[PDB]
2 protein chains.
Amino acid sequence: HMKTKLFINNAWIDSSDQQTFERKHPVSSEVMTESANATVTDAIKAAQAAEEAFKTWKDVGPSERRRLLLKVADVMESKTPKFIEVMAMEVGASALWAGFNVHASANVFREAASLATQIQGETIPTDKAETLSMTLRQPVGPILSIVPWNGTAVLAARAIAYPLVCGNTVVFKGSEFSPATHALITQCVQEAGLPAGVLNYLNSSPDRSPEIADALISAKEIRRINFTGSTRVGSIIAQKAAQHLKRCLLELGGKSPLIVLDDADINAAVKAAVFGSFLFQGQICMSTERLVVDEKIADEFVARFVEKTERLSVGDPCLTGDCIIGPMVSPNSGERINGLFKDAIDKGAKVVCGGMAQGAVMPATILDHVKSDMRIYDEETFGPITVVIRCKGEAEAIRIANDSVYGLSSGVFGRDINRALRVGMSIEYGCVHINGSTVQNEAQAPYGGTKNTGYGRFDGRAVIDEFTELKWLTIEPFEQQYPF
Amino acid sequence: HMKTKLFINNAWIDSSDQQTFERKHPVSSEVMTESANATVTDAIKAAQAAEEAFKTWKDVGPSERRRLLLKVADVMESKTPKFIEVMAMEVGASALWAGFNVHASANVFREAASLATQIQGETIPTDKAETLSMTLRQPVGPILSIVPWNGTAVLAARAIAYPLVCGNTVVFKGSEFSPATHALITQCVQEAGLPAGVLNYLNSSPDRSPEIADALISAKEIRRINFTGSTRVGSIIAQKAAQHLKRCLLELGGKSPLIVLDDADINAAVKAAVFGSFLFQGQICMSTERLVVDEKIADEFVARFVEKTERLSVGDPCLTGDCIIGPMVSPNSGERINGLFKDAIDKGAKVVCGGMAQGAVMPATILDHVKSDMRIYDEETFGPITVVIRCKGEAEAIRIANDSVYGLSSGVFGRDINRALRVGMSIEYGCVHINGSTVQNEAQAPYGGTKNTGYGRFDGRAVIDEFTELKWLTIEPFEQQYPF
Ligand SMILES: O=Cc1ccccc1O
Ligand SMILES: O=Cc1ccccc1O
Ligand SMILES: O=Cc1ccccc1O
């Protein structure tokens with residue numbers, strides 16, 4: 001099995017207590033990766049390293065930053081087969097999802113690289129004579145980046161590339177389910193030639209995660225925090241950062257809906273539905289978790305959806321290829337889903353395809369006639385399961401979409417685009433896709449949600465404000481008048 | 001004395017329990033204002049009103065928004081003498097500070113008004129064929145705006161004008177020390193012709209403030225929160241908003257320094273020092289609380305500073321004009337200051353001018369040879385007192401400025417501007433003024449701080465993101481390809 005260490009100051013090291021933790025395969029129990037198990041002591045060492053490196057890193061010019069980041073992308077692409085292999089072992093990712101993760105990661109680093117000269121402020125008019133008024137965008141300092149296991153590569157990449165190009169250094173906290181992959185992405189950054197202490201990598205058993213996080217948030221060195229993960233945990237992180245008045249970029253849960261109006265190209269909508277629902281076993285925060293369909297069209301749409309869905313391949317990508325539905329991440333994922341499943345089913349829901357789960361194994365499942373009294377109506381379910389909510393009319397569609405506690409991604413299918421736009425513009429979502437799937441992300445385009453999905457933004461120009469100080473600076477004449 | 005009510009749905013009303021609270025003068029104990037004492041019930045009614053009005057207000061066009069806001073400014077200026085009079089009675093503001101507050105308030109509304117057509121998104125390149133990718137900036141919903149008593153008018157104005165032009169409605173929570181002024185600013189908005197429920201006004205006795213705030217933050221109607229006030233309270237507000245994953249604009253405390261290098265135009269620096277230190281009795285969050293001066297120059301600078309400071313007029317603006325040092329806000333302000341004063345004085349500090357306080361009455365006071373072991377070294381002191389920290393060299397100056405737990409405003413005086421810029425650019429402050437005072441604010445320019453000063457920003461273009469939803473929207477072809 002793979003062996004993985006901590007990374008501080010361009011050095012791969014054991015934890016301060018020489019202790020390890022394992023990532024076992026969720027169905028076979030076979031050890032996939034053994035990782036160094038960081039302590040709080042290690043975490044503080046990581047922050048101190050980041051702080052120290054910041055002293056010179058903040059002054060590195062745009063040309064060098066761009067060159068370095070561009071190189072990271074090149075290096076990540078050069079390691080593509082390893083990423084595919086490791087992601088398949090650790091998080092049951094098919095070659096499709098793994099390969100995409102790499103492309104997306106490399107592209108994030110290139111987009112970030114491109115932004116090097118684009119982190120700009122403004123020169124602003126002032127009534128004051130002989131005075132320059134302007135804004136500057138400067139580096140912040142050490143950033144705490146906490147990254148989950150699902151968008152295994154790209155979620156790390158985004159949480160490194162962007163703070164780097166903004167002149168910051170980062171303490172990267174990886175996932176207990178993905179330690180080989182996160183060590184690997186780190187290694188890529190190392191081989192691109194990033195200065196020592198600019199990127200520091202930590203991973204731990206989940207029993208240690210909270211206190212390691214608390215120590216870093218409470219650490220004077222850490223200036224801002226980005227967190228990607230469950231709303232449940234996100235609130236707790238933000239509550240801690242509030243005790244120290246620290247800004248958070250929160251990238252949390254979703255219940256991303258596909259709105260299928262009575263007008264929809266049913267062929268096209270089914271395709272978007274099948275894709276968005278079951279890519280990476282619905283373990284994407286923006287996976288299509290709802291299909292809100294007009295009653296006039298529902299029966300027909302559901303029939304086609306079910307036909308395609310049943311035909312989808314189930315299996316283990318580390319054992320065999322062409323798996324659409326790989327295993328889930330943990331021998332627990334099905335336990336949560338089944339609780340949601342039973343509740344829905346006892347309240348009138350209808351299994352139109354699939355069945356319940358067991359550990360990390362589940363067939364592609366669709367529930368029809370889901371209603372607002374069922375937990376699964378709005379509770380996020382990280383798995384190859386999705387729900388159909390039927391509705392009557394454009395207004396009720398908007399209502400149902402807007403009644404979610406989340407607001408990450410969404411899709412609206414309708415042949416009348418003027419109409420689709422009305423609903424598209426009225427719904428409370430960070431991402432709206434007119435006649436598109438709910439699973440999209442481009443680096444030029446801001447990525448984030450509203451409500452329980454959090455706040456702040458990765459990607460696009462918007463990510464810059466997340467990792468910069470905005471300073472209002474004036475240059476004034478020596479002689480000026482004062483009231484007293 | 002003045003009598004003040006609550007404001008909900010274009011209606012001035014008593015609180016749900018017909019209870020009142022008073023603003024007594026901090027030295028005479030005479031009743032200045034009697035205000036309706038809002039209950040939690042009133043607060044929820046306010047949010048519901050704001051939510052309901054949002055339904056139509058979000059769709060009001062840019063032309064009408066601009067016209068309306070422009071009118072608010074006109075209306076506020078038409079009420080200038082009343083503002084002067086009321087602010088003098090409630091918060092001991094001189095005509096200088098009151099008059100400025102009005103101008104600044106009117107200008108905020110005009111700047112906000114101007115921005116109506118400037119709340120823009122982007123059309124973004126995409127690799128995808130036959131696809132439009134773009135960002136939209138849309139309204140958020142009901143905003144909770146909590147406003148203190150010091151920048152009595154402009155701090156309210158900023159917390160209304162901006163959320164309004166962004167298409168939001170607001171629950172405005174005013175200050176217990178400034179209920180007549182905050183009711184007045186509300187009245188101005190009413191007379192400009194804002195639709196019912198777009199602005200709703202609440203005030204209460206301080207014993208009720210926390211729970212009224214908690215109810216509003218926990219309220220489903222309230223989408224985002226801006227808070228201006230003490231770091232102490234700001235953390236608590238943010239902790240509450242974290243429990244509901246709500247974004248905060250935090251505008252908190254400061255220990256704003258004036259850096260006087262060995263190079264400085266001492267005449268010019270003294271003038272900036274005198275102004276920034278003692279405007280409105282140093283009750284501005286950006287009041288000059290530190291004078292970091294080079295030892296080579298300190299003795300001379302301190303001598304001039306003391307000369308000017310002693311000559312400053314003390315008195316009560318509601319009784320007599322030309323008062324530079326009015327009374328402080330509460331018969332308690334001096335109790336906090338004296339604790340800070342004694343500590344400094346017992347640890348070697350030197351009163352070069354002034355003396356201790358009593359209730360809300362204090363002479364202009366300067367302490368010299370303040371060192372890092374004294375509480376007053378970095379603790380904010382809301383009063384006509386300020387401290388001198390001596391230093392040796394450009395590096396040590398930056399260190400001392402950067403060692404504050406706050407980072408709101410700052411000034412750097414030096415005849416070599418290249419040098420002044422080095423320190424100016426290296427210090428961790430939201431506002432840096434090269435050869436300028438620490439007390440500046442223009443509506444075109446972003447206003448905010450780093451660290452314990454909070455996060456987020458009023459004024460400038462930056463304020464727009466605070467009160468808008470940023471949505472990534474795509475318009476895609478019907479026919480497109482999917483991997484599975
Ligand atoms: O929802 C999680 C996610 C978002 C963007 C890219 C990859 C991902 O797994
Ligand atoms: O406290 C809320 C909040 C708002 C914007 C950014 C970071 C935050 O923690
Ligand atoms: O520090 C408080 C403040 C900031 C901007 C304008 C007026 C004020 O009182």
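Every residue, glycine among them, receives a Cβ derived from its backbone with ideal geometry; neighbour counts consider all protein chains shown. Coordinate-derived values only; no laboratory data.
The slack in the chain from A:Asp207 to A:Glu295, taken as 0.36 nm per residue of separation less the alpha-carbon distance, amounts to 27.0 nm. The order of the peptides A:114-126, A:206-218, A:282-294 by mean Cβ neighbours within 10 Å, most packed first, is A:282-294, A:206-218, A:114-126.
Positive contributions from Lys and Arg (+1) and negative ones from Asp and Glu (-1), summed over other residues with Cβ under 14 Å from the Cβ of A:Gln18, come out at -2. May I ask for the net charge around B:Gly407, where only other residues with Cβ less than 10 Å from the Cβ of B:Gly407 are counted and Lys, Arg are +1 while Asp, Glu are -1? Around B:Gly407, the surrounding residues sum to +1. Coupling constants for the range B:171-182 follow from the phi torsions by the Karplus curve (6.51 cos²θ - 1.76 cosθ + 1.60, θ = phi - 60°), and in residue order they are 8, 9, 9, x, 9, 5, 8, 9, x, 5, 5, 6 Hz; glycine and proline get x.
Just report the Cα centroid separation between the range A:228-291 and the range A:126-200, whole Å. Comparing the Cα centres of the range A:228-291 and the range A:126-200, I get a distance of 23 Å. Descending by average beta-carbon neighbour count within 10 Å, the peptides B:9-16, B:169-176 line up as B:169-176, B:9-16, the highest first.
Does chain B come out rounded, prolate or oblate, given a ≥ b ≥ c as the square roots of the eigenvalues of its C-alpha gyration tensor, rounded meaning a/c under 1.5 and, failing that, prolate meaning a/b above b/c? Oblate.
With r as the distance between the Cβ atoms of B:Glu310 and A:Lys82 and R0 = 60 Å, compute the FRET efficiency 1/(1 + (r/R0)^6) and round to 0.05. The computed FRET efficiency comes out at 0.20.
The mean count of C-beta atoms from other chains within 10 Å of the C-beta of residues in A:435-441, rounded to a whole number, is 4. The range B:397-439 and the range B:341-390 have Cα centres lying 22 Å from one another.
With respect to chain B, whose longest principal axis is taken over its alpha-carbon atoms, helix B:417-426 is tilted by about 60°.
Other protein chain C-beta atoms within 10 Å of residue C-beta, averaged over B:258-271: 1.
A:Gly355 label point (Cα plus 7 Å toward Cβ) to equivalent points in the other copies: 9.0 nm, shortest first.
Taking the average, over residues, of other Cβ atoms within 10 Å as the packing measure, peptides B:403-409, B:151-157 rank B:151-157, B:403-409 from highest down. Amide H contacts of B:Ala445: B:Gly460, each under 5 Å away and 5 or more positions distant or on a separate chain (H built 1.01 Å from N in the peptide plane; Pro and chain starts excluded). Each copy carries A:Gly61; placing its label point 7 Å along the C-beta direction from Cα gives inter-copy distances of 5.1 nm, listed from smallest up.
The DSSP beta bridges internal to chain A are antiparallel in roughly 40% of cases. Starting from the label point of A:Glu396 at 7 Å along Cα→Cβ, the same points in the other copies fall at 7.6 nm, in ascending order.
Restricting attention to the protein assembly as shown, close to 35% of DSSP beta bridges with both partner residues there are antiparallel. Taking Cα atoms, how many degrees apart are the long axis of helix A:40-57 and the longest axis of chain A, rounded to 10 and kept between 0 and 90? So the inclination is approximately 60 degrees.
With a 10 Å cut-off around each Cβ of B:400-413, the average count of Cβ atoms from other chains is 1. Remark on B:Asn10: its backbone amide H falls under 5 Å from those of B:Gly197, a criterion applied only to residues 5 or more positions apart or on other chains, H modelled at 1.01 Å from N.
Relative to the longest principal axis of the Cα atoms of chain A, the long axis of helix A:295-311 lies at roughly 80 degrees.
Spacing of the modelled spin labels on B:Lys3 and A:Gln120, each 7 Å from Cα toward Cβ, amounts to 5.9 nm.
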